[PDB]
Amino acid sequence: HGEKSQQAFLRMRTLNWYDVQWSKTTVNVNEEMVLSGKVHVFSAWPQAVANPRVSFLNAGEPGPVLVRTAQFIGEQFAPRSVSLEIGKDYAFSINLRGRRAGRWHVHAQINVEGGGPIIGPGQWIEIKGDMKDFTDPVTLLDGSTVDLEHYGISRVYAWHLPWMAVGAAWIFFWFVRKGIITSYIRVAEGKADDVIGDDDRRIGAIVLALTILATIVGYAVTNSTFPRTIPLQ
Amino acid sequence: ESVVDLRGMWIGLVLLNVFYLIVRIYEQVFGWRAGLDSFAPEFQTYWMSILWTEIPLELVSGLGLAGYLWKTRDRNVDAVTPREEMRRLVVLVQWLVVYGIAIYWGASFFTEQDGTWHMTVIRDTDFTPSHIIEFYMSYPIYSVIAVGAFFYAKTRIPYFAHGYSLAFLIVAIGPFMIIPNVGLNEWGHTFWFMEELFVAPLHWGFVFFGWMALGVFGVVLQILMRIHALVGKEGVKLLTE
Amino acid sequence: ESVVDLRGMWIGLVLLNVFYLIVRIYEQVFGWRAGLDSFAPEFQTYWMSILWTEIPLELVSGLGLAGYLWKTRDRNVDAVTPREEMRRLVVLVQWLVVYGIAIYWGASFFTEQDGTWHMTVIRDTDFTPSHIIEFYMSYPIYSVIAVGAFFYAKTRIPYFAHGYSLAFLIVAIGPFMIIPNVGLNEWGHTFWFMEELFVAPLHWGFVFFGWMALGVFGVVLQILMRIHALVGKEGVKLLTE
Amino acid sequence: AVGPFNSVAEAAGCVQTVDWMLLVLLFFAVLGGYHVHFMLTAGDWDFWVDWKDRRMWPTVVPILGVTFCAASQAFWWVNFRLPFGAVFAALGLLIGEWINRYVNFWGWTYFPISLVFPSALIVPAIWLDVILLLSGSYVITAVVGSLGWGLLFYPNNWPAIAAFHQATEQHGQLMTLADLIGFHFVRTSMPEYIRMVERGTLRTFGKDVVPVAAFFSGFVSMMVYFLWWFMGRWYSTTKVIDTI
Amino acid sequence: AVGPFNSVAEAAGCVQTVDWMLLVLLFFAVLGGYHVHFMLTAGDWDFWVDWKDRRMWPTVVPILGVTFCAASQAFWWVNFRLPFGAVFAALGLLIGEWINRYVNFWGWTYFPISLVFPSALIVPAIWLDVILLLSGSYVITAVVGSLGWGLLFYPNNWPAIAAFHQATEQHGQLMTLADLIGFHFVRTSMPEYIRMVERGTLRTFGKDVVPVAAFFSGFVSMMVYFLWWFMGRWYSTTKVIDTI
Amino acid sequence: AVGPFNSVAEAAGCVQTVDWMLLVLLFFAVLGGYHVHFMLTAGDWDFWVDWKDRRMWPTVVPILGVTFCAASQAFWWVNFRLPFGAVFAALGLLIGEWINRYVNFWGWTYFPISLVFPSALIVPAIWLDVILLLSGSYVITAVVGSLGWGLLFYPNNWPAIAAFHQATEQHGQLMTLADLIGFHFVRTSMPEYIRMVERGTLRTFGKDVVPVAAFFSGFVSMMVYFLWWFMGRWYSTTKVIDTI
Ligand SMILES: CCCCCC(=O)OC[C@H](COP(=O)(O)OCC[N+](C)(C)C)OC(=O)CCCCC
Ligand SMILES: CCCCCC(=O)OC[C@H](COP(=O)(O)OCC[N+](C)(C)C)OC(=O)CCCCC
Ligand SMILES: CCCCCC(=O)OC[C@H](COP(=O)(O)OCC[N+](C)(C)C)OC(=O)CCCCC
Ligand SMILES: CCCCCC(=O)OC[C@H](COP(=O)(O)OCC[N+](C)(C)C)OC(=O)CCCCC
Ligand SMILES: CCCCCC(=O)OC[C@H](COP(=O)(O)OCC[N+](C)(C)C)OC(=O)CCCCC
Ligand SMILES: CCCCCC(=O)OC[C@H](COP(=O)(O)OCC[N+](C)(C)C)OC(=O)CCCCC
Ligand SMILES: CCCCCC(=O)OC[C@H](COP(=O)(O)OCC[N+](C)(C)C)OC(=O)CCCCC
Ligand SMILES: CCCCCC(=O)OC[C@H](COP(=O)(O)OCC[N+](C)(C)C)OC(=O)CCCCC
Ligand SMILES: CCCCCC(=O)OC[C@H](COP(=O)(O)OCC[N+](C)(C)C)OC(=O)CCCCC
Ligand SMILES: CCCCCC(=O)OC[C@H](COP(=O)(O)OCC[N+](C)(C)C)OC(=O)CCCCC
Ligand SMILES: CCCCCCCCCCCC
Ligand SMILES: CCCCCCCCCCCC
Ligand SMILES: CCCCCCCCCC
Ligand SMILES: CCCCCCCCCC
Ligand SMILES: CCCCCCCCCC
Ligand SMILES: CCCCCCCCCC
Ligand SMILES: CCCCCCCCCC
Ligand SMILES: CCCCCCCCCC
Ligand SMILES: [Cu+2]
Ligand SMILES: [Cu+2]
Ligand SMILES: [Cu+2]
């Protein structure tokens with residue numbers, strides 16, 4: 001939507017969009033629309049923009065108002081970066097899915113590694129429905145189906161929030177057991193040994209042992225679940 | 001009379017938090033619906049007006065706060081009584097509490113809110129709604145608060161009046177140096193690096209002056225020195241233990 | 001007898017300026033017409049002769065100046081009279097004035113003349129006429145003058161005789177550490193950076209030691225300390241105010 | 001009467017109130033500095049789940065996160081002997097990050113939390129604080145404490161990111177759940193090529209990428225811990241200059 | 001008699017003569033150091049009119065030029081309260097540059113002055129010196145003074161380079177007058193690709209390249225101003241070491 | 001009785017034994033630090049005869065070798081006036097390198113000595129030590145001494161590597177003996193592209209590559225010599241800190 005501010009000669013001498021079509025102008029939540037088109041890579045690629053040798057196909061929209069279920073370019077499924085050869089023409093298609101109700105301006109966009117964003121034609125998409133009715137869903141290798149809108153968030157909360165609470169409890173325990181002004185004065189008066197000294201170190205070592213045990217137990221427990229995982233592709 | 005007053009601190013905290021909550025609601029409502037395209041006149045109506053109002057208002061506020069604190073200073077700061085000096089130290093701590101809250105709002109909340117806004121738009125201009133809220137409201141606001149905090153100590157407490165506290169200067173200027181890379185990120189985001197990578201060295205000048213927020217350590221230590229010196233021999237040992 | 005003599009400074013200034021003006025005319029005449037091609041025998045006749053006569057002559061001149069100033073030193077420098085000490089300070093200032101003129105001639109005039117010469121030839125060799133004039137004549141000349149200025153103060157003024165002034169050491173060595181970049185340039189101008197981009201960090205070694213020219217600040221400050229001490233209580237406040 | 005306070009009760013109340021005020025005053029703006037530094041140096045790796053790889057993320061994040069933890073430890077331990085400095089900094093950073101993820105990344109821009117959740121640092125911070133507590137020297141906790149700060153990063157973050165490393169099949173291609181989440185919820189200015197993740201290499205010897213990265217962040221932290229402990233010492237200066 | 005001078009008139013004459021000698025001695029060799037530094041860092045941007053672009057030149061030149069101005073301000077203001085240190089350094093640089101441009105670039109190599117004229121710096125130097133004069137602190141003149149030092153570079157240089165940005169048509173291709181001058185008067189070792197000028201970028205949101213560069217150059221300058229003020233303070237040392 | 005020794009002879013014997021012990025104690029671990037630093041910075045240029053080119057080798061090796069020589073000179077001369085610090089460091093490095101080349105490179109891996117012999121440094125070290133001896137100041141030996149340190153590197157290494165620069169013809173292609181030795185005796189992880197040697201450039205002027213490299217390397221060394229002299233002074237600190 002900000003393509004107006006980009007320099008004119010770079011806009012007209014990098015990518016030449018044509019045959020750009022939007023399958024539907026008005027879409028519902030959980031309804032699929034396809035944005036497709038063809039793009040021509042200018043033969044006289046500017047020196048300012050790096051080579052399109054590393055580039056990514058993207059849908060230019062104000063946030064994830066439309067969830068991208070699949071996108072293709074050059075007759076290839078392209079969830080990762082792709083190479084565009086100078087002077088060639090490529091056909092692309094993005095399968096979008098309505099997520100947020102409203103009127104959104106959705107562009108076709110390709111990003112070059114050393115150049116930045118190149119924004120193609122954009123069309124107003126009207127989305128009707130409610131956000132809470134949105135489900136992706138996706139299927140795992142084992143055959144189970146999950147909803148990416150909500151999957152994994154509960155586990156992340158259940159692992160993160162308790163540890164933040166534990167840290168806050170540790171801070172408040174040491175703050176109430178020894179005051180800030182009180183301990184500062186104590187340390188400044190030479191006696192910075194009755195401010196912290198076993199049984200204080202015993203409490204610290206108990207906390208550390210419990211933390212290590214929880215980390216090991218948590219790591220082992222989350223290895224029983226999801227026993228077969230793969231690195232980021 | 002009353003060493004711990006806290007009415008000023010409560011008023012400042014309430015005002016700042018309510019104002020920032022109002023700003024957050026406003027940008028929730030108008031981030032879309034005339035907050036996306038910077039060339040539409042509705043953007044000028046709803047966002048550029050804020051930008052034009054911000055800078056002169058906060059410049060006037062900071063200059064007036066400094067001038068009022070300078071003209072309201074006592075000329076016999078040395079002859080302050082221990083109880084009045086405790087009251088002034090507590091007021092300074094209230095100032096610094098408001099300062100820390102403002103720093104959290106600006107350097108932490110809106111600064112990383114700009115991160116999520118960068119993934120929503122393609123950066124139509126340098127004056128995005130996030131940039132307007134972050135660069136031109138919150139950073140000047142907390143620098144103004146630091147100026148008030150720095151000048152209160154310079155003009156009410158004899159320890160900070162006899163010279164310039166290096167830690168106080170750092171905590172007043174370095175966080176006021178969290179705005180500079182608006183020139184430098186933008187020039188970096190327009191010349192050096194190509195994508196919206198927050199790891200860019202174009203964001204590293206943001207960091208070197210973000211370390212200056214640690215200058216509050218020395219300020220708090222000096223305040224504690226003043227407090228511990230004021231409480232008598234009975235206060236340090238017999239009472240505080 | 002006469003504190004302000006100035007005859008030596010005038011003689012040195014006239015000699016140096018006339019010599020450099022003669023060199024400038026010579027290289028105006030012979031920059032072309034046997035100056036461009038470095039393999040022609042006429043280049044050896046007109047330019048390599050200067051290079052061969054430069055290094056021994058300036059080396060001998062600097063060593064002899066140091067030796068003469070060391071053998072002419074007074075062994076009772078602590079017993080110098082205030083009038084004689086002021087005269088010696090004025091002579092040191094004269095030395096420093098000649099030094100500054102030499103620094104301008106070498107580090108500023110011919111160094112940037114190398115810039116315009118690099119745009120006229122394709123660098124037939126390292127011993128271009130500009131390189132011969134700049135690297136091997138002007139830089140050694142002003143380093144020799146700095147040696148003379150340094151050794152005069154070491155051997156005439158008690159303040160500079162009881163130790164080594166750090167600022168004087170810097171202003172005597174670091175400017176002498178600008179010629180050194182002959183290698184940092186030539187090796188740099190062959191392997192790393194690849195064109196007459198003066199900005200290249202193959203020249204940043206030039207710059208770091210070019211900053212040492214600021215060491216004259218401490219030298220003149222020490223001279224002024226001596227002057228302000230030499231004038232009695234009547235000189236400072238009755239006359240100078 | 002205990003000068004400059006009227007009575008013992010007044011002095012105790014004043015001390016308690018000023019203690020609370022100082023605690024809040026430091027916690028905030030330590031949050032500020034730490035969040036600025038982590039946000040603009042450590043990424044953009046905490047931002048996205050598809051950025052939390054096996055090599056760059058567990059190397060970059062601990063190294064740039066130990067900084068303010070060491071500085072705050074230097075402030076608290078030297079002047080108060082309070083053993084919560086690294087936990088102080090880490091809790092502040094995590095609270096600020098979580099607030100901003102829920103309110104702006106999800107509340108404003110509607111990015112699902114599964115995509116924008118931050119990395120856990122509480123466990124390494126606790127390890128660092130206890131090592132500084134059981135010992136009395138920053139030198140020891142610089143070496144062994146910060147070594148565990150790096151080795152404990154991935155294990156304590158595994159419970160939150162493992163669910164997103166489950167394999168899925170998309171159009172005849174293997175993709176992780178994190179990759180799918182990043183691909184589905186479109187980010188405008190975030191292409192795939194910039195992810196700066198482990199993309200493979202000819203001299204990685206399989207099944208030890210994470211152990212190698214975790215150790216690497218372990219001792220590079222010691223250098224960073226040392227430098228930032230002394231930087232926190234410097235920021236704690238009480239020096240007053242005559243003129244500015 | 002006013003020791004160590006015979007009379008009051010002799011003392012006044014000696015003081016005046018030594019004042020003149022000191023002024024010349026500092027002005028030269030401050031010119032020397034500053035000219036070396038500017039020549040070998042700031043280019044080669046002051047050398048050629050076709051290098052004076054809208055982004056790099058108003059960025060590089062002010063940042064690299066504020067150095068000796070700050071150092072000279074530190075020397076003069078701290079030790080004499082004389083408010084001309086930045087003007088001192090800038091005037092020295094401009095005098096040396098103009099002399100050598102006229103004598104060597106044009107007098108020797110017959111390069112037209114329109115091609116090799118330097119960039120004006122008197123206005124930013126005056127701004128810096130007055131800001132240090134109206135204030136009394138280098139901290140203030142570091143920020144407000146050096147911020148104006150960068151914002152004033154292009155506006156005070158525009159009158160000299162506007163005539164060379166007039167458009168001309170050469171063989172069906174638009175070129176500026178400065179480009180034509182650089183192309184006409186051949187320089188051997190100066191190709192076009194090395195010019196290091198604003199060549200465009202996909203995120204330069206138009207109509208603001210010069211304002212963006214000015215704010216970057218001017219507001220980065222305070223780091224350079226601080227560093228070089230303190231370097232000038234160090235160079236002003238009177239320390240005498242016992243041995244070498 | 002000469003306290004704390006029983007007699008004069010006992011004191012003399014104790015002093016002699018402790019002198020020998022201290023000499024060995026410093027020689028080793030100066031060998032250690034010097035060898036670690038030189039091995040991991042200066043290559044890998046001492047390792048291979050086909051790496052000892054005319055530009056990179058006489059540039060890299062002397063610059064990174066002058067470091068510990070300067071540091072050990074600072075230690076020995078300042079505290080003992082003994083003029084062998086540079087020779088101390090260089091002899092330690094040479095002895096360690098030769099021992100490793102013969103015992104491991106040749107004894108273990110059966111690489112011929114003609115391939116893995118190190119570069120000579122005794123002559124430049126002697127020059128540096130004598131210059132520090134005739135003078136009494138590190139400043140002079142920083143300039144004249146370390147200038148001769150680099151200019152003497154190639155001439156004192158030429159007798160060792162000249163025999164390997166004899167031309168040979170291999171399959172219609174010119175090769176040096178050093179190249180042939182590096183090619184005949186296969187090294188797994190040493191492709192030719194890694195060699196980082198003088199491969200030519202369009203601004204190399206005939207017959208002066210070695211003089212240019214030696215002057216560059218040798219005359220830069222004064223920066224390194226200064227830095228490492230003062231670093232050796234810092235490592236010679238007797239400071240005791242109260243807490244860790
Ligand atoms: C630190 C105590 C808790 C974790 C103990 C454990 O079994 O984890 C070690 C294991 C070692 O890696 P490995 O089993 O070789 O490969 C597992 C890789 N992942 C975690 C991506 C499946 O997992 C890690 O990579 C965590 C980082 C190193 C901590 C010592
Ligand atoms: C930015 C909010 C800071 C809240 C913390 C605090 O205690 O400071 C507020 C301050 C506390 O009062 P204090 O500075 O101690 O001065 C009390 C006595 N008077 C009002 C006569 C100077 O009251 C004012 O708002 C003074 C007016 C400032 C704008 C021109
Ligand atoms: C390259 C020109 C330098 C002119 C510097 C200057 O103004 O001072 C020169 C100085 C001014 O005279 P001053 O030192 O007062 O008295 C000269 C006579 N002596 C050396 C016995 C004190 O005389 C000398 O040349 C010193 C001796 C070296 C040449 C043999
Ligand atoms: C276990 C190594 C101790 C190094 C610190 C020291 O002994 O002091 C040297 C210097 C001067 O410190 P000083 O003024 O003596 O103050 C002593 C207090 N500490 C130990 C906190 C610096 O301290 C620094 O500025 C830090 C240097 C290392 C990190 C780059
Ligand atoms: C980053 C702080 C810069 C200003 C210095 C400061 O802390 O202000 C107090 C200082 C106190 O120093 P003072 O006694 O005024 O002596 C300095 C004299 N002048 C004003 C000529 C520089 O006054 C000023 O220089 C500026 C006051 C402006 C208030 C709106
Ligand atoms: C600094 C006061 C004098 C100049 C006031 C003015 O009208 O100039 C601002 C204008 C702002 O740029 P703009 O009008 O957006 O674009 C004009 C670009 N040029 C000058 C190359 C035609 O020109 C500049 O680029 C000078 C550098 C910024 C100083 C605030
Ligand atoms: C707003 C920061 C003011 C710092 C004043 C100061 O005391 O200087 C710090 C330090 C100690 O200065 P000192 O030698 O004590 O001299 C104080 C007097 N002035 C400020 C006039 C040099 O000097 C430096 O090494 C400069 C570091 C920053 C630039 C790289
Ligand atoms: C960058 C200066 C290096 C020379 C030191 C200097 O300033 O010279 C005076 C100094 C005065 O020190 P001195 O009392 O001689 O004691 C040092 C003893 N030696 C000569 C054995 C080092 O004598 C020298 O060392 C060299 C003199 C050469 C003149 C042609
Ligand atoms: C330093 C005294 C002993 C050497 C004297 C000599 O004749 O060597 C100079 C010559 C100068 O090089 P050049 O004859 O131009 O080319 C010879 C290149 N190599 C040695 C590879 C055949 O050889 C060098 O390259 C040694 C390094 C410079 C020492 C001043
Ligand atoms: C030609 C330069 C002579 C400098 C002599 C001097 O006083 O040392 C400079 C500085 C200040 O001296 P200071 O620390 O007080 O110690 C004086 C004792 N020495 C001369 C052994 C450092 O000491 C350093 O820390 C060395 C800095 C350069 C290498 C990076
Ligand atoms: C001598 C110059 C004094 C400058 C004082 C600045 C006071 C703070 C102003 C804040 C404006 C936002
Ligand atoms: C013991 C150190 C002897 C140093 C000899 C100094 C000679 C100075 C010559 C100056 C030539 C520019
Ligand atoms: C100590 C046992 C090592 C087990 C196999 C290698 C794993 C990587 C450790 C660096
Ligand atoms: C950001 C840290 C800069 C240094 C702080 C002040 C040092 C005081 C030295 C005593
Ligand atoms: C403050 C008004 C801005 C006008 C349009 C943008 C110009 C670039 C300024 C950074
Ligand atoms: C180029 C600046 C190097 C430092 C100058 C001397 C510092 C003196 C410290 C008191
Ligand atoms: C001094 C004589 C120079 C001889 C020809 C060039 C050789 C390279 C020296 C840098
Ligand atoms: C490796 C060198 C680090 C510094 C050594 C200690 C310096 C002591 C200063 C007196
Ligand atoms: Cu649009
Ligand atoms: Cu931004
Ligand atoms: Cu040259």
Side-chain angles (χ1 to χ4, degrees), chain B residues 110-121 123 125-135 165-167 169-171 173-174 177 181-182 184-186 188-190 196-198 200 202-203 206-215 217-218, chain C residues 62-71 73 143 146-148 150-155 160-166 168-174 176-177, chain D residues 33 39-40 67 71 74 189 227-228 230-241, chain E residues 203 226 241-244, chain F residues 77 81 131-144 222:
Chain B
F110 294 127
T111 302
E112 216 194 53
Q113 180 190 80
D114 194 35
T116 198
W117 190 249
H118 285 333
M119 285 336 145
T120 313
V121 307
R123 302 224 53 249
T125 185
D126 36 5
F127 293 124
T128 72
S130 84
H131 287 188
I132 288 168
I133 305 310
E134 174 207 357
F135 295 151
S165 147
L166 173 59
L169 284 158
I170 297 174
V171 88
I173 291 145
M177 278 318 72
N181 317 42
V182 179
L184 176 169
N185 178 15
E186 226 78 36
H189 268 167
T190 56
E196 229 80 68
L197 177 123
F198 260 68
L202 326 163
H203 302 112
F206 262 104
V207 201
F208 163 76
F209 288 127
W211 305 341
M212 308 314 218
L214 295 181
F217 288 167
Chain C
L63 280 179
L65 184 50
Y68 176 83
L69 283 177
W70 185 251
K71 255 108 183 152
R73 75 172 176 296
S143 30
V147 153
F150 176 78
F151 270 111
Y152 183 87
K154 180 99 216 154
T155 63
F160 302 93
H162 288 333
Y164 307 90
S165 146
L166 177 59
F168 220 145
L169 224 52
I170 287 162
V171 88
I173 292 153
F176 163 79
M177 281 282 116
Chain D
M39 169 192 331
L40 303 152
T67 60
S189 28
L227 163 70
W228 273 81
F230 279 115
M231 279 194 10
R233 290 295 284 118
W234 301 331
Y235 279 121
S236 316
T237 184
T238 56
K239 176 158 325 173
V240 177
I241 61 182
Chain E
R203 320 161 295 284
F226 249 83
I241 58 182
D242 52 9
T243 185
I244 61 176
Chain F
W77 183 256
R81 273 331 183 273
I131 291 292
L132 181 55
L133 176 56
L134 304 186
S135 153
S137 71
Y138 61 99
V139 180
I140 305 265
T141 175
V143 171
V144 52
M222 325 156 167

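In each ligand, atom 1 is the first atom listed, and ligand 1 is the first ligand listed. Reminder, nothing fancy here: chain letters follow the sequence lines and each chain counts from 1. Both backbone and side-chain heavy atoms feed into the values below; hydrogens, waters and symmetry mates do not.
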Minimum heavy-atom separation for B/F217 to D/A71, with atom names? CE1-O, 3.8 Å
Take the angle between the ring planes of C/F168 and C/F150 and call it parallel below 30°, perpendicular above 60°, tilted in between. perpendicular
If you measure from the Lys or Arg side-chain nitrogens to the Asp or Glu carboxylate oxygens, is any gap between B/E186 and B/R123 under 4.0 Å? yes
Taking the ring centre of each residue, are B/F135 and B/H131 less than 6.0 Å apart? yes
Separation of F/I131 CD1 from F/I140 CD1 (nearest 0.5 Å): 9.5 Å
So, does D/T237 use its side chain to make a donor-acceptor pair with the main chain of D/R233 at under 3.5 Å? no
Starting from the N and O atoms of ligand 8, find every protein N or O within less than 3.5 Å and list the pair with its distance.
| residue | atom | partner | partner atom | Å |
| --- | --- | --- | --- | --- |
| ligand 8 | 12 (O) | C/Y164 | OH | 2.9 |

Does the side chain of F/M222 come within less than 4.5 Å of C/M177's, by heavy atoms? yes
Once the angle between the rings of B/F208 and B/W211 is folded into 0 to 90°, is it parallel (under 30°), tilted (30 to 60°) or perpendicular (over 60°)? perpendicular
With a 4.5 Å cut-off on side-chain heavy atoms, are E/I241 and E/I244 touching? yes
For the Cu ion (ligand 20), how many protein N, O or S atoms come closer than 2.8 Å? 3
How far is atom 9 (C) of ligand 14 from its nearest protein heavy atom, and which residue and atom is that? D/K239 NZ, 3.8 Å
Closest to atom 2 (C) of ligand 14 (heavy atoms only, candidates D/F230, B/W211, D/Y235, B/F208) is D/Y235
Has the side chain of C/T155 got a donor or acceptor atom that lies under 3.5 Å from a matching backbone atom of C/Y152? yes
N/O donor-acceptor pair under 3.5 Å between C/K71 side chain and C/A66 backbone: no
Among all protein heavy atoms, pick out the one at the shortest distance from atom 4 (C) of ligand 14; state its residue, atom name and that distance to 0.1 Å. D/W234 CB, 3.8 Å
